[PDB]
Ligand SMILES: *[C@H]1O[C@H](CO)[C@@H](O)[C@H](O)[C@H]1NC(C)=O
């Protein structure tokens, strides 16, 4: 006689044998909660004669449920600078550390964001400063009504430098929420890039952000690193330019630590390819973002 099958968070299990009898020969089946989670690919265990539940492949250890990244229940389709509707950008995070910021949800309990966001901007005075993070809506007062999410710890890329006044490398950070969130149709994860070909000229992505009450967005193309010249050019190996002389002041729709979201057509997902950085004014219609892919192996090792 075995015991009470171990629990499987974000998932459960059913008995395929008389139910409630964990005696020798019993047999159960695990299943992650649909549709927001999915087993790590059928999760069948059976009380061996010895006295433990097993699975002829990884036996003795319970499967793992994960969430589905970049795949909202409300996507959207030239170029523009319009308003956002509940669902379009589900992985969107609005912060309020040292001023208004942004960030993208990763997985179940981590938020991606640019590092310079966590520190006051120079020429600004030092101060107490709670870290406020919100998600699950497009309006500001609403995101507030919902309340903020307590942060457990804060990991900032080791390359970033505070005394350096121009960080064209390592302007990325990860915040670990203290309690996972409640994945709804309005609040869901975004995927990470893996193909170097995600940073190709002309590629069309979307940027979203507040200004300032209702979250807006823009559909801009990846530009040539030359376009972003006044901001300084080895700024190519750690970042990328993007925008168009047409957009005007809307090329800077993003907030800061917000995200540059592209949608892979071969798999119709959604991947965060960049992080709006420390720039300040899209006068010509251009702006630079940090290359996320250069930091993927980092992101993952932090999330374990
Ligand atoms: C700033 O520190 C905390 C921030 O939450 C606040 O409670 C406090 O009143 C401020 N500093 C003081 C002691 O005035």
Every pair of residues 6+ apart whose Cβ atoms lie under 6 Å, when the first sits in region 118-139 and is closer than 17 Å to residue 164 by Cβ while the second is within 16 Å of the ligand (Cβ to nearest atom) and assigned to a loop (DSSP other than H, G, I, E, B): 120/98
Residues being assigned to a loop (DSSP other than H, G, I, E, B) and closer than 21 Å to residue 95 by Cβ - total across region 248-273: 8
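Counting just the residues of region 21-36 that are under 40 Å from the mean Cα position of the chain (by Cα) and part of a loop (DSSP other than H, G, I, E, B), which one comes out surrounded by the fewest Cβ atoms within 10 Å (Cβ to Cβ)? Give the derivation first.
Step one: of region 21-36, the residues under 40 Å from the mean Cα position of the chain (by Cα) are 27-36.
Right, trim to part of a loop (DSSP other than H, G, I, E, B) and you get 33-36.
Values: 33: 15, 34: 9, 35: 11, 36: 21.
The extreme case among them is 34.
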Residues of region 210-219 satisfying the condition of being more than 18 Å from residue 261 (Cα to Cα) and outside any loop (DSSP other than H, G, I, E, B): 214
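Any residue at all in region 274-287 that is surrounded by fewer than 23 Cβ atoms within 10 Å (Cβ to Cβ), touching a strand residue (DSSP E or B) at 6+ places or on another chain (Cβ under 7 Å), part of a helix (DSSP H, G or I) and not assigned by CATH to the domain that holds residue 100? Before the answer, list the steps.
First, pick out the residues of region 274-287 that are surrounded by fewer than 23 Cβ atoms within 10 Å (Cβ to Cβ): 278-285.
Applying the additional criterion that residues be touching a strand residue (DSSP E or B) at 6+ places or on another chain (Cβ under 7 Å) yields 279, 282, 285.
Filter again for part of a helix (DSSP H, G or I), leaving none.
Looking for residues that are surrounded by fewer than 23 Cβ atoms within 10 Å (Cβ to Cβ), touching a strand residue (DSSP E or B) at 6+ places or on another chain (Cβ under 7 Å), part of a helix (DSSP H, G or I) and not assigned by CATH to the domain that holds residue 100, one finds none in region 274-287, hence no.
All of this is worked out from the model, or read from it or from the source named; no laboratory read-out is quoted. Cβ: placed from backbone, ideal geometry, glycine included. Neighbour counts: every protein chain shown.
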